[PDB]
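Participant: So that we are looking at the same thing, I have put the structure below in structure tokens.
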Amino acid sequence: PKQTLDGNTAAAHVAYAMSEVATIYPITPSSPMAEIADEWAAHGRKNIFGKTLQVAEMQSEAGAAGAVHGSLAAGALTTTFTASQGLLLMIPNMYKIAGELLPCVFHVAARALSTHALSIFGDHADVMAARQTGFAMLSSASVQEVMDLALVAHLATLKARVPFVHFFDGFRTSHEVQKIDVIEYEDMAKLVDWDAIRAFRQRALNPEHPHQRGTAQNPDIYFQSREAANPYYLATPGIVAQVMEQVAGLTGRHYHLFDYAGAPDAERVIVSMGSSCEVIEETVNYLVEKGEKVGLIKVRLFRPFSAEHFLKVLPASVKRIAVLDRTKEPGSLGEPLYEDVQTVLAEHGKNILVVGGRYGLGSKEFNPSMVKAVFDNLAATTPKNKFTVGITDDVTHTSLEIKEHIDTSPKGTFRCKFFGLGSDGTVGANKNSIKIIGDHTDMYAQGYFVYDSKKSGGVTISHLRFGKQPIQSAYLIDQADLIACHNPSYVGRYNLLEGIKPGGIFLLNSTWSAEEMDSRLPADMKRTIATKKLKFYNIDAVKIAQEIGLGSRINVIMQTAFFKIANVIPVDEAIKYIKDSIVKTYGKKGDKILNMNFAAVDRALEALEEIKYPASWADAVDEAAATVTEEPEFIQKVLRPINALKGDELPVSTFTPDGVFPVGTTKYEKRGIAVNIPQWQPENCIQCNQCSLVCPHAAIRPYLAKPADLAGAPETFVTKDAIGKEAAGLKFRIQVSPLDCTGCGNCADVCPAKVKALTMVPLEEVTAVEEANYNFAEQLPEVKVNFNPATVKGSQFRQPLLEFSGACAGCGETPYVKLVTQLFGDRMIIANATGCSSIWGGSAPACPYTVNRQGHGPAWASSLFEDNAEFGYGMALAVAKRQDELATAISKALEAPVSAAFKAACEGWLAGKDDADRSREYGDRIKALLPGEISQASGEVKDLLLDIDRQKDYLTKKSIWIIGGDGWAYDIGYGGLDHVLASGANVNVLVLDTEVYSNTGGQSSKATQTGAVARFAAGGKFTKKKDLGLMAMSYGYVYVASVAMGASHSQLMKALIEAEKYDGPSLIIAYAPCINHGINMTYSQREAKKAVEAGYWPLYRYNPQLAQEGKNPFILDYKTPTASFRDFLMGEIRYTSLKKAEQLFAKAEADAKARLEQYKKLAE
Amino acid sequence: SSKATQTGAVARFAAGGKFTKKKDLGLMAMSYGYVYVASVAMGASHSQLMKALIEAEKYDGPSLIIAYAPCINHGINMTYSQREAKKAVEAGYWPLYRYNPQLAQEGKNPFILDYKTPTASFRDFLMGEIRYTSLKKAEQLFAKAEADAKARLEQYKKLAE
Ligand SMILES: Cc1ncc(C[n+]2c([C@@](C)(O)C(=O)O)sc(CCOP(=O)(O)OP(=O)(O)O)c2C)c(N)n1
Ligand code: SF4
Ligand code: SF4
Ligand code: SF4
Ligand code: SF4
Ligand SMILES: [Mg+2]
């Protein structure tokens, strides 16, 4: 049958049918494969064995790989899905699985490896890192090929006994939606070699016919034993070839080990692999028809590399070959595929000039214009070798010049771009539009979706294609017949109408009339509309949704507007298909919700009005650009073009060679995405600063100023007298940053005044006023104040060093990290695990960590997902070594003829170098005496002072903070965290416990509670939550504390300060509410208060220092809960969606009572 | 050296002696409540090993058995390898317990301490193996090891009472 799927679903479809067990672990962009396999098993989909697939989630891909190995050796057909860093961790087991000749298929959504930077996007770096393990390797070039070649892999591995890696390009194919022919399970079972399966069962570990495998071997037999598998690898090419003929007879689609396309007498041929083959064949069709003698060899079976099957499809007329590798091996002579082609042609004496290049790293665009550039390089007198395509390499001059732009799209193919807002329904509607068109017409349909790094308020760009011919355009849309803008704020911000065809359609969602078009639309946009004679349509979708009662949801409205003008299908047919999908989507919502969406369709058709623009729009002239402010060179050359969606134009000379970025760059973004912003009521404010404490974006802060410093304040900068003996004679004001606020509403909810001192007002109404207000508050001079930093009020007067990050509105993680920077950020180094905290904390080119007025601030680094604890441990060793080198130079200065005041500060530092306050005090004293002491010295004594000055950045004692999520701490990095805590080093571990893998969409974890439903746990998690805090207490010398900011501000303050001062390992497990819980983020602080009050989350502190004082180390800070446990679960969707459901809710309540009663015994 | 190495023991990668105490694997595994955990030593008690092995296999769930295995790297006369395991438990150096999750479902205490009162000297057992005499600061590490071995017995007595 025909369905609209992506590569992931296409792969999981075949993997599910052919497997009994699937051990999985989430990693983008492979996790959708494991998610859908869990849902199918949850609803009882049967594989070819008549049973449901058993899905088991491990603690890491290393654990997943071992489970695959054991399951295979014991007699169960087992598969798994992974990519990128996950595939690296499976490499050790891959040698074993291949070495033991076990049938197996790994499905890989090929993704780049973390080098100078992390990239979740697609290339072959991961697959190439395992090409020597002995696995076979099969490449799929399209979503249709994923369906077919996944079947080829599963059938071939049973026959050959050689395990397979079936890989397809991450995102470019794994997330591309296409209408394909789906192969029925019943047809798969008719092709399976059942004799091969039964032989596999007989080789299983079984005590009734036992055997020994995996022995240790001496040099006398190891080499021979390793070569004994030679026949199995020699027979694999023919086995795969015969399987491809089986699939060919069933589907009609013919695959070979290497496939050729292009002129039979071609002289220039490109050898490539993966989705690039689709782009190359489309270009080859275009060039061959124009008379060029070019061709393409698609590599399907990369390993084992069959020389016979490669030469079989190479035309005898080939004189020059360009090999394209989607990877980079630095310092290597050439990339993998290039060296293979060069080798095989040498082994057979072919006089063919071979040239290799690199493309598409990290989902870099690879379009037909680049393909011609590769072909033109083969047509040159001396073809450039070791080249790159798709970048401008102005440093080493490896890039090919893209001279001209060609349009190789098949005639009759419709192309549309949709600019949407984060979670406004645009992407979901386009997926439904593809499903509508694919199911009811003969046209092929394709969809690809570009997402934003910002988690809330980001830009989404949808790329859709429909045509009478199969769609091989695995690249972004170049010339669009229709461009739709579902957010009017994008007008004048992004190049929306880029590349639109003459006479194309421009659909806009805005409240602007035809006359307001002259003043609202920019001149460059008006020129394109007029010169290209576009059909410009406008619709006020927001007005329609308000009047009907759908709020601001415009997804149904904008989809109706598309079909009305696109002329892809009859307008009357589309309306039926839209309303039919509404019944499928809103049928269970009720009669009221159903008819509202029906009215949305009807009202949208009548409201879509074509804008009749004057022809004089073609001559419009840009308006004079204002005098731009002097911004740093990085902001001007890097951050602005990247946020302007022009980062691909930046040449190689723009970037550092090691991925090092400046700090404090998010303050230049000023996204202004808030719908409402807090307005401060000075008369109701008690000056408690709790609003600044809970802000997940540091958008609201308190400001103090002497009355003289309030001179040039705007009239709206109303201040109040400062409360407290510390701030006597000063003015106070709570000021919000309107362009950086997210409109989450946490600060208004936490305000404890009798009358609310914060009220949510629309941004547009007060944006002009509050911007000048914030610009004045930010320019206020520093005020020396003696407020105790150990209190909530006093700590918020210190500058936040984490601001304006990309976390969601109301995130429960950033308030914890923001508070740490306010206490110790002056002297801390952060080792941050991969996860949400690394995405909002370190997504290029914007850095949310900033500096104070002295230029000091946290240094931030992210290594890997699994190594963060050991990463920070290594930092502690190095910092200790750097202080030791400084202490030696200071002790040498004591014997030098230096000033008596210099010797006093040196001795004071040497005695207190391991104390935070004393080392800063005497450290700053030495800094003040350094310039004068150097001037008064000469010769070797001056050199000794210059060495101290070179190391003055290590006088102040540092504070190592190891930050990461619960998935890192409870699963993949738990072994390393256990080791670093047990070592006794002076490190501080902060676990942001969201009880799921939050960044990757919300998958199951050991931090997930009993009965909670998450991805990979569709039926709910049976086993209870692992108690990480209890295991760290078992050492006795590890400080462990469980905190929750929403529950108790004072309890969080005490545990953080006690943990940092403790000269040893400290573990802070913080409850972080998240969007994956299925709750209203406006009341994110309130949800954490209900969690502790209902006995769901405990609050305790284990202080090893109390044991040395003869006291009880365990202190239970909240003993008696006052709220109902069952009522808290019903306030989050992650528990209500389960409603077998009642049995799990009862087990969760029994575990919460036993956990509280166990803490009462440890406290008594 | 390993996390299972005790305080004061000298091994490779621990030339100056191991400072941090032995990691309590059994204590962390008991934290789940549904994992059968048992500590055995054949030289110390034949009957206690028989009971823990049979209970662990019949338990329909995860079972963890930590067995003390004397080794040549300890620096002992292997003729008395079984006796060295008896002297280890008699000196309070290695505990014998059984954590049965099935007892918790019957309303009983899951933790059973199989050896409550040690009768041998802890310091004399350390001097009977080369892996501790090669350290001979040594007295400072031995004092911490004896305080840690008493604190481990006191923690198991609280779980039993
Ligand atoms: C070895 C390994 N395995 C899996 C991953 C994928 N991966 C992540 C990224 C950022 O790399 C990604 O989304 O691509 S983030 C992530 C889970 C994060 O879970 P945590 O609970 O630790 O942090 P939070 O995101 O705050 O919930 C995983 C599994 C990875 N990066 N490395
Ligand atoms: S509404 Fe949210 S983002 Fe805006 S200032 Fe308040 S807490 Fe910060
Ligand atoms: S939470 Fe309310 S009372 Fe407290 S400082 Fe903020 S605005 Fe003022
Ligand atoms: S932890 Fe949750 S709320 Fe915070 S950024 Fe990640 S997904 Fe968003
Ligand atoms: S006694 Fe010998 S075989 Fe036994 S654990 Fe020690 S080294 Fe290994
Ligand atoms: Mg998490």
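Per Swiss-Prot, chain A residues shown: 2-1140, 1146-1170, in order.
Recorded method for this deposit: X-ray crystallography, 3.0 Å.
Placement of Cβ uses the backbone N, Cα and C atoms for every residue, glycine included.
What Swiss-Prot records for A:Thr29, A:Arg112, A:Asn1000 is pyruvate binding site. Positions annotated as CoA binding site by Swiss-Prot, on the basis of experimental evidence: A:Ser424, A:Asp425, A:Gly426, A:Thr427, A:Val428, A:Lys456, A:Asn556, A:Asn598. Look at Swiss-Prot and you will find A:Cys686, A:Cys689, A:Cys692, A:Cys752 tagged as [4Fe-4S] cluster 1 binding site, backed by experimental evidence. The feature [4Fe-4S] cluster 2 binding site is assigned by Swiss-Prot to A:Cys696, A:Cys742, A:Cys745, A:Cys748, with experimental evidence given as support. Residues or ranges marked as [4Fe-4S] cluster 3 binding site in Swiss-Prot: A:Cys809, A:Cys812, A:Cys837, A:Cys1075. What Swiss-Prot lists as thiamine diphosphate binding site is A:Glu814, A:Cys837, A:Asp967, A:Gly968, A:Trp969, A:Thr995, A:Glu996, A:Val997, A:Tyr998, A:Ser999, A:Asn1000, and the listing cites experimental evidence. Swiss-Prot lists A:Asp967, A:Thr995, A:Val997 with the feature Mg(2+) binding site, giving experimental evidence as the kind of evidence. Feature annotation from Swiss-Prot assigns domain '4Fe-4S ferredoxin-type 1' to A:677-706. If you look up Swiss-Prot, you'll see A:733-764 marked as domain '4Fe-4S ferredoxin-type 2'.
In the displayed structure, how are the listed features positioned relative to their neighbours?
Facilitator: The Cβ of A:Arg112 (pyruvate binding site) lies under 8 Å from the Cβ of A:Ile28, A:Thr29, A:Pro30, A:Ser31, A:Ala84, A:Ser85, A:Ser120, A:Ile121, A:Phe122, A:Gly123, A:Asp124, A:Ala126, A:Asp127, A:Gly171, A:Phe172, each on the same chain and at least six residues away in sequence. Under the three-state DSSP scheme, A:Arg112 (pyruvate binding site) falls in the coil class.
Residues near A:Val428 (CoA binding site) in space but far in sequence (CB under 8 A, at least 6 apart, same chain), listed by position: A:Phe419, A:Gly421, A:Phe450, A:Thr461, A:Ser463.
Taking the Cβ of A:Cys689 ([4Fe-4S] cluster 1 binding site) as reference, residues of its chain lying under 8 Å away and at least six apart in sequence are, in sequence order, A:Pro753, A:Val793, A:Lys794.
The DSSP secondary structure for A:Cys745 ([4Fe-4S] cluster 2 binding site) is coil.
For A:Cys837 ([4Fe-4S] cluster 3 binding site), applying a Cβ distance below 8 Å and a minimum sequence separation of six or more within one chain yields A:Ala808, A:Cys812, A:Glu814, A:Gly966, A:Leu993, A:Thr995, A:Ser999, A:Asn1000. When secondary structure is read from DSSP and collapsed to three states, A:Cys837 ([4Fe-4S] cluster 3 binding site) falls in the helix class.
The local packing around A:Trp969 (thiamine diphosphate binding site), expressed as other Cβ atoms within 10 Å of its Cβ over all shown chains, amounts to 30.
Neighbour count (other Cβ atoms within 10 Å of the Cβ, all protein chains): 27 for A:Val997 (Mg(2+) binding site).
Helix, strand and coil counts under DSSP for the domain '4Fe-4S ferredoxin-type 1' (A:677-706) come to 5 helix, 11 strand, 14 coil.
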Participant: Would you count the other C-beta atoms found within 10 angstroms of the C-beta of A:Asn1000 (pyruvate binding site) for me?
Facilitator: 22
Participant: When DSSP states are folded down to helix, strand and coil, where does A:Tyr998 (thiamine diphosphate binding site) land?
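Facilitator: The residue in question, A:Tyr998 (thiamine diphosphate binding site), is strand (DSSP, three-state).
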Participant: Measuring Cβ to any atom of ligand 2 with a strict under-6 Å cutoff, which of the binding-site residues A:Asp425, A:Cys745, A:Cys748 qualify?
Facilitator: A:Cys745, A:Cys748
Participant: About how far apart, in whole Å, are the alpha carbons (Cα) of A:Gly426 (CoA binding site) and A:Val997 (Mg(2+) binding site)?
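Facilitator: So the Cα of A:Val997 (Mg(2+) binding site) lies 24 Å away from that of A:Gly426 (CoA binding site).
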Participant: Let me know how many other Cβ atoms fall within 10 Å of the Cβ of A:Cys686 ([4Fe-4S] cluster 1 binding site).
Facilitator: 22
Participant: Would you mind sorting out which of A:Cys686, A:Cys745, A:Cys1075 (the binding-site residues) have a C-alpha within 10 A of the one on A:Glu996 (thiamine diphosphate binding site)?
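Facilitator: Of everything listed, what lies within 10 Å of A:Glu996 (thiamine diphosphate binding site) (Cα to Cα) is A:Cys1075.
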Participant: Around the [4Fe-4S] cluster 1 site formed by A:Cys686, A:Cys689, A:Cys692, A:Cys752, which additional residues qualify by having Cβ within 8 Å of the site's Cβ center?
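Facilitator: Sorted by sequence, the hits are A:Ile687, A:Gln688, A:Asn690, A:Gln691, A:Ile735, A:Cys748, A:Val751, A:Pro753, A:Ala754, A:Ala758, A:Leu759.
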Participant: I need to check the long-range neighbours of the domain '4Fe-4S ferredoxin-type 2' (A:733-764): which residues 6 or more away from its ends have a CB within less than 8 Å of a CB in the stretch?
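Facilitator: Sequence-remote neighbours of the domain '4Fe-4S ferredoxin-type 2' (A:733-764) are 457-458, 668, 670-683, 685-706, 718-724, 771-772, 774-775, 778, 804-805, 810-811, 1082-1087.
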Participant: Checking the binding-site residues A:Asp425, A:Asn556, A:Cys686, A:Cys692, A:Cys809, A:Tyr998, which are within 10 Å of A:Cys748 ([4Fe-4S] cluster 2 binding site) at the Cα level?
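Facilitator: Checking each Cα against A:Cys748 ([4Fe-4S] cluster 2 binding site), the hits are A:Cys692.
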Participant: Here's one to test understanding: among the binding-site residues A:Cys696, A:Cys745, A:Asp967, A:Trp969, A:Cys1075, whose C-alpha is closest in space to the C-alpha of A:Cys752 ([4Fe-4S] cluster 1 binding site)?
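Facilitator: Result for A:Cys752 ([4Fe-4S] cluster 1 binding site): the nearest of the binding-site residues is A:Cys696.
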